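Just one chain follows, in the form deposited in one PDB entry, and it is written as structure tokens.
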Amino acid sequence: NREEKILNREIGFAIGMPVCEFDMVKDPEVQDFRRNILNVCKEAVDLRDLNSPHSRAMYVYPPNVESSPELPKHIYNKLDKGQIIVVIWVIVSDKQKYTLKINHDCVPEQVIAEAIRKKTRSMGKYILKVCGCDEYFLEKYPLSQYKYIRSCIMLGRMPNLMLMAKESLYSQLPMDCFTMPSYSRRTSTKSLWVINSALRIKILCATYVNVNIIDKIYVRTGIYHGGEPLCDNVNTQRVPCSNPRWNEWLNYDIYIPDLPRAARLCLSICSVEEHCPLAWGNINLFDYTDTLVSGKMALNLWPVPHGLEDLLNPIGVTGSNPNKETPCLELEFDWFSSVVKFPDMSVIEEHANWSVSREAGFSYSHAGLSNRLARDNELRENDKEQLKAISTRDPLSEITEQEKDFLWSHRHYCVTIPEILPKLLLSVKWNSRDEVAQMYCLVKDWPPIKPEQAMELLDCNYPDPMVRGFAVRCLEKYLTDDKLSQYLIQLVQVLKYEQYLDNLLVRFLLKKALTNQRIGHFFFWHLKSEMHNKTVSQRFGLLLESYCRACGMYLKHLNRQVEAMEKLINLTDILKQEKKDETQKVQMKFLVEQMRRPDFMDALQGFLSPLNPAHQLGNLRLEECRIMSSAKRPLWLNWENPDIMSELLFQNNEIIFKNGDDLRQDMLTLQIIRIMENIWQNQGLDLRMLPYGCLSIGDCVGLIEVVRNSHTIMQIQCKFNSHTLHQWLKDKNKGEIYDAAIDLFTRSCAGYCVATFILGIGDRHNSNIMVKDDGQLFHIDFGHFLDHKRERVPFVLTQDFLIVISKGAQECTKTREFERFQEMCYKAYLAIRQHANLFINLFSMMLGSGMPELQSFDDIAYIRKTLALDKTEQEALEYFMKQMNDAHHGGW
């Protein structure tokens, strides 16, 4: 009706394209997704009104909590006999302060009781809010499990909480009525396993093949399961590019009933002997309804990515190019007088049971015919140790063919060491329906593994839907909202590897986004930021449509953020194309004049920070905004924090808006830094890092959190001697606090030395290392990582840094300060090595992004080198010291 049309305009504005463009899409998969996904929308809305208004408040303001209440011993020992000092504020008439000393693990209702006790000594109706931002303690966790409280304990800051009446929070949460949209109102058939025929596909002709007359041309093809070929590639005959017509049947060395569910056809047009791909494309051999492709098809192809010289691109995206003014290959598939469907699960289970029972009857001599057969008995405990050994290798370690036969033959024992599942899966003969059906039944009852281990099974090495479904069930059962937020970037990226629009992973992620608004906010922005990338914009736009339809009132707040970012994009675009040669003064006059237009001024003020939607951005402070000197001329922007107690957190929100460089690699490096820092703290290795906020919001457009009161090394030594840095630090921390500043500088140095060495970050210089007044050192600008150059040391500690560490001693390399510094590095390095699978998998999950430094598994191999995974641990230490000793010309 009329209200649906208004909502469609809002959704269209949020996602950057009109909803009517989805309505015109003819593809049945697209219209079925739009309709069928709505039961996730409904399920989520019903969880939110399950216990109103509390359930609604928990959705908008979910508890920001660590994944477990247990405190590292070094954190706990910062308390006074396990007790914490907190300040509770009450708004009365005027702000009244009440200081409490309570056990670190009282729940909020207890803290509120003690605050009222103290207040009445001055002679379930309240909640606690963090002073200065929109963060609440709505749930009965231990106080120290809230990240704000945990952070205060570690940083030695005083927690400041505000008492607030429940009803004054509930009052401001609009009830949203979710309405089902108008589109919600909507020869035989033979099993694949009965088709007794080999696979054959006809290449007819190519259109839109416009080239520089490049001469002889051919179509290369292959059948793939993930990246694994299921048979040899098959080429057409060569023809000249002026007449690209083949009409050639290609015969594949594979039996049709042996085609696995995720089988794909990968092809390309190649030039010729120097061969070179000109355009590529992949298609699912089964569609989303389990039907084998049939009839004729036109496939619009994709351009070759600069860097790839392979002739096929099977880890490239699957499906037709939306740009129809592109090389278009016409295909024809085999005809069978019948629709052919992948067999249902009951048929697969029957076949697996038949196979298992047959193999259990195999004689000794029969089992000897194949190393993939082993008799139940034979299993010795040395084979058991070898299985356990294999299960501890990292995801990029080669599994030899003999190892694969060995794993497959002992698949049933593997159930007792369930983390071996990823290696067992890469040992399956995916072109054998006998083996695959058995693997299906093993997966359906496989024991659960850790979410960090399950995430590997969603990357591009694991296309099978039963495998990915098991991975999703593991996340559903074990992944906390805290870790889902931590790994959300990767989980969004692996949506791109799903064969179909509707799948278990997207239903899981959408439901979490629609029941936790902190997850939903970044879900929205990660998807929105890629709506320019045409390999994913249909999938992501449809997903965003379904998010926007059910997220409730937050859609209106997102639209405030989208409009503000759009205005900043438009202004910076003008500056870089129409005024780029004018002086700063002139550009600044132009900028202030444009931001003072009333439509602009209103769009740029009074909205939530996309970096952290708990932070309200109030009125701009134009006198504090400025065009920075760095490359691409980013904007330094300053907003008032309108929170009634802003002075207790920060009174101004400073954000850098950068239009022109890709920020996705910085995003990923800052995420990894945070994970490393988390690993170190849990082990009681207190190395303070600074993973400041960074969010890509578009095509080379994004936001960066400003660390207030920090300076580059260069700013410092321009006010110079190699003692200037230490001298600056000592003057900032005179008295009894000098030692704490040296210690914080030493630990922060050790963390960044180790982190940047492991990741192969871009070379450090005195303009991309910064220091806070209190001694905390950190790095900025991570536009390069991994093997972008034989392993570099990006952070070489020059004399200035050693002088600080050694408290001003001339011979700083030969002090016990330096020795304890080295020990921190060694402990930090070995700690990350123990978690190498995590970091390898997090990188592998990002392979399908457009990030140029992260294109193949061999880019990730760099991490295998810096962590020395093929060495022993003591050999790994020795390797790290030599890299350090080489880079510094002595010391280590």
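Throughout, we count residues from 1 along the sequence that is shown. Basically, rigid core = biggest C-alpha set you can superpose within 1.5 Å across the two forms.
Gaps at residue 361 occur in at least a third of the other compared entries of the protein that contain both adjacent residues. Of the other entries compared for this protein that flank it with modelled residues, a third or more give no atoms for residue 188. The modelled chain breaks between residue 213 and residue 214, where 1 to 3 residues of the deposited sequence lack coordinates. The stretch 63 to 71 shows the higher mean C-alpha B-factor when 63 to 71 is compared against 834 to 842 in the entry. In this entry, 847 to 855 has the higher mean Cα B-factor, the comparison being between 847 to 855 and 33 to 41. Going by the entry's values, 582 shows the largest Cα B-factor out of 566, 434, 349, 582. Remark: of 306, 658, 772, 264, 306 shows the highest value [criterion: C-alpha B-factor in the PDB entry]. Placement of the Cα temperature factor of residue 711 within the chain: middle third of the modelled residues, per the deposited record. The entry lists a Cα temperature factor for residue 25 that places it in the middle third of the chain's modelled residues. In this PDB entry, residue 150 carries a Cα temperature factor that places it within the middle third of its chain's modelled residues. Among all modelled residues in this chain, the alpha-carbon of residue 467 has a temperature factor (C-alpha) in the lowest third. Among the modelled residues of the chain, residue 430 sits in the lowest third by CA temperature factor in this PDB entry.
A second form of this protein, the form deposited in another entry, is not displayed here; the remarks below concern that form.
Core-based superposition between the shown form and the other one shows that, of 773, 573, 134, 359, only 359 has its Cα displaced by 2 Å or more.
The rigid-core alignment places the CA of residue 368 2 Å or more apart between the shown form and the other one. Here's the thing about residue 367 and residue 442: their CA atoms end up at least 3 Å farther apart in the other form than they are in this form.
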